[PDB]
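Trainee: Sharing a structure with you now.
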Amino acid sequence: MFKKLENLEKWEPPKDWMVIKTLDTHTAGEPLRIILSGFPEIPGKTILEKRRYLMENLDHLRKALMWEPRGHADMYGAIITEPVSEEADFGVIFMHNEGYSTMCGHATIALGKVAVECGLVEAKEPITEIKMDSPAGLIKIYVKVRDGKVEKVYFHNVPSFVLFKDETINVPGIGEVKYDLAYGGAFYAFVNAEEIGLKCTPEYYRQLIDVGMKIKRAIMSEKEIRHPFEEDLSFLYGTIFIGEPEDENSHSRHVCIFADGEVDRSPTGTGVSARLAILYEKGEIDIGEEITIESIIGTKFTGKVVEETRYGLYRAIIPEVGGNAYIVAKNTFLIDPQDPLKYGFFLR
Amino acid sequence: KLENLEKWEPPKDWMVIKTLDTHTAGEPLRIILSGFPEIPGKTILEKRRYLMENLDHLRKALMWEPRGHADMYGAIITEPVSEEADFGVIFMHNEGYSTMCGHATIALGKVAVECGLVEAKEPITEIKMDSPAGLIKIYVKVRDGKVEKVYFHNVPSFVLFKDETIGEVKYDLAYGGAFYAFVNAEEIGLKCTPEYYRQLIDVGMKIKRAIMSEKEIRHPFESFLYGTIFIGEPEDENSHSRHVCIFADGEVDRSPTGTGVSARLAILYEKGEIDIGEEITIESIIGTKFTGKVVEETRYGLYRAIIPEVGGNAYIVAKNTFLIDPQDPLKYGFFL
């Protein structure tokens, strides 16, 4: 009835069930599942070491939390760790439907907001500075705070650069496709959506996943994607289709196809970083100039080239990306050891 | 210092809706427990009308992303409306409000006995549930205080055709609460397994479209071809066969569809391949299982028909506290 629904609220699982609590957020529509407790401990003194440990020993738990039923193909996750570097407040490892990314813009925006609102760091007005160890390097977060509430979150990414420019690849099944490839904390191939007769709108959702994954795999089999200093960082994360903007002050539109067919519902925070590097080297924007990029569901990030730099032998920028995030849930996930899907399932 | 996030409580002006989450052969059900506004009305249809007309934004806050996803399903549990019911239920999903939901009925029987909506009886607990479609009778098998199986009887099911369409594809067409064309997966070189996910969708959709354009699917009283169900060889020796249901515009059932088993039993019975008493076990693309059994012959309109029995189990996977930020521009979700 109404009253004995209380029995479901009082109900507790048996003691042999695994219990994993999370705090869930979304950033421009793109979720973040932040693990709080019940996870086994993750040894290592670098973020890359911690990330390497997860893939080899605990990946069934990534699938229990990322995949259906707990769970869905577009879920994203974050494990927050004690800081590795001397100046950091904390460290983070990201997880998605295929594995563990090297950096994540939308999660960083959410993490800065949760850090202020929920007490990972002390609040300062008007701006709180957070420094965060990520797999790609150190991230500086600037949290806008008025009267104890977060208003917008900005971050500075690791140096972002171009790796190739105006290439053509033959995508078996599609044909010839023109692309640029840049680094923004992760590696993306940038492709023009009308040039393959698709549009960056929901109407074309499954073709974007379909064509996007074809483009990604073709480039991966044919080209070396190299990070100047780190082995675990040297791979193609995704394909980003660039689209004509729908709204008035927006520069363009992003649809990021990443991991195993995953689609970013936000514009990509790492994608905006890599896109800023691309716009800068062909001179389409000036230092200090802020642009707005949208996503497939019409949500928006801001991006701006803060500074030139040198990264390895590459010409590079320090990008600033900004957005907002909201808390949407507190979850207690239950893993029944006799459950035939206790570690999830995923269909591609 | 993660304990501070663990301690964090939403501001009290925030709406907080708690649920209990389950899966039934892989298909989810989100059961609302508290924090939901009152849903007045003296019938389930009236309560359902009040929800659709006044609280639909809350369906999307719980069913749609970022809190839900395209495949989420929900159930609101109410006070019983009729003199014999134990409780009432309104079904909810991403598109709207169904009148019946097979996998949900299984999850509701399991949670009611395990979590204390009704009293446990051994070997069988009878649950009567006020639904939008009428009164639904659920049977829960309970041994040693634990739930072993949930079964119900579906609507009368019957066969419609045993035909060809064009390569060239052989099919039967039956009704089990919805209309399905049944096709042999191995006869067209596919298997009912995850390696074949996209070809099942692709080939399944072509068959559906070809049949729809060429044959008239008519229900005796109120239809259309809902989907194609591919039949596959079982993985387990005690399983009868495998189902992969391709329905709507490329949607895939990860359970062995409850209405699909019902329609399947009608075809199997009319071909003499199963007897009235025999229960068969059918698997899905992810290896989850339902049981099916013809309870009775019957008649529906001018057709020969069967009363089918469908059975399965559900597993608890989450206890969630959903939070609505009043400043969130996507507080009522999006649908992709």
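Numbers and lists here come from the model and the stated rules, or from a named source; none is laboratory data. Quick reminder, even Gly has a Cβ in these numbers, built from the backbone with ideal geometry, and neighbours come from all protein chains shown.
Trainee: Within the group B:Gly227, B:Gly250, which residue is small (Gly, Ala, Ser) and within 14 Å of chain A (Cβ to nearest Cβ)?
Mentor: B:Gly250 is the lone residue from the list that is small (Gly, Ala, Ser) and within 14 Å of chain A (Cβ to nearest Cβ).
Trainee: Determine which member of the set B:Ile274, B:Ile285 is out of contact with any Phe, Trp or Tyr (no Cβ under 9 Å at 6 or more places or on another chain), assigned to a loop (DSSP other than H, G, I, E, B), among the aliphatic types (A, V, I, L, M) and surrounded by 20 or more Cβ atoms within 10 Å (Cβ to Cβ).
Mentor: B:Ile274
Residues are listed down the side, and each one gets a yes or a no for (1) within 14 Å of chain B (Cβ to nearest Cβ); (2) more than 22 Å from the chain's Cα centre (by Cα); (3) β-branched (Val, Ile, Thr):
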| site | (1), (2), (3) |
| --- | --- |
| A:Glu284 | no, yes, no |
| A:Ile287 | no, yes, yes |
| A:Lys304 | no, no, no |
| A:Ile318 | no, no, yes |
| A:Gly323 | yes, no, no |
| A:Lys330 | yes, no, no |
| A:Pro340 | yes, yes, no |
| A:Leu347 | yes, no, no |
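Trainee: Is the range B:90-102 home to any residue that is assigned to a loop (DSSP other than H, G, I, E, B) and either touching a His at 6+ places or on another chain (Cβ under 9 Å) or at the interface with another protein chain (Cβ under 10 Å from one of its Cβ atoms) (or both)?
Mentor: yes
Trainee: In the range A:34-60, what count of residues is obtained for those that are within 14 Å of chain B (Cβ to nearest Cβ), aliphatic (A, V, I, L, M) and not in a loop (DSSP other than H, G, I, E, B)?
Mentor: 3
Trainee: Filter the range B:1-16 for residues that are under 23 Å from A:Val121 (Cα atoms), in contact with a strand residue (DSSP E or B) (Cβ under 7 Å, 6 or more places away or on another chain) and part of a loop (DSSP other than H, G, I, E, B) and give the result.
Mentor: B:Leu2, B:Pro10
Trainee: Yes or no: A:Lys140 within 14 Å of another protein chain (Cβ to nearest Cβ), more than 17 Å from A:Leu23 (Cβ to Cβ) and either within 17 Å of the chain's Cα centre (by Cα) or not in a loop (DSSP other than H, G, I, E, B) (or both)?
Mentor: no
Trainee: Before we move on, is A:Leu65 within 13 Å of another protein chain (Cβ to nearest Cβ) and assigned to a helix (DSSP H, G or I)? Working first, answer last.
Mentor: Numbers: within 13 Å of another protein chain (Cβ to nearest Cβ): yes; assigned to a helix (DSSP H, G or I): yes.
The answer is yes for A:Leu65.
Trainee: Do you know which residues across the range B:297-336 are of a type in the set (S, T, N, Q), assigned to a loop (DSSP other than H, G, I, E, B) and either touching a helix residue (DSSP H, G or I) at 6+ places or on another chain (Cβ under 9 Å) or not assigned by CATH to the domain that holds B:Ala61 (or both)? Explain how you work it out, then say what you get.
Mentor: First pass over the range B:297-336, keeping only residues of a type in the set (S, T, N, Q): B:298, B:313, B:320-321, B:327.
Going one step further and asking which of them are assigned to a loop (DSSP other than H, G, I, E, B), we end up with B:313, B:327.
Correct list: B:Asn313 only.
Trainee: If you go through the range B:257-269 one residue at a time, do you hit one that is closer than 30 Å to A:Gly29 by Cβ, buried (at least 20 other Cβ atoms within 10 Å of the Cβ) and either within 8 Å of chain A (Cβ to nearest Cβ) or not polar (S, T, N, Q) (or both)?
Mentor: Within the range B:257-269, not a single residue is closer than 30 Å to A:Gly29 by Cβ, buried (at least 20 other Cβ atoms within 10 Å of the Cβ) and either within 8 Å of chain A (Cβ to nearest Cβ) or not polar (S, T, N, Q) (or both).
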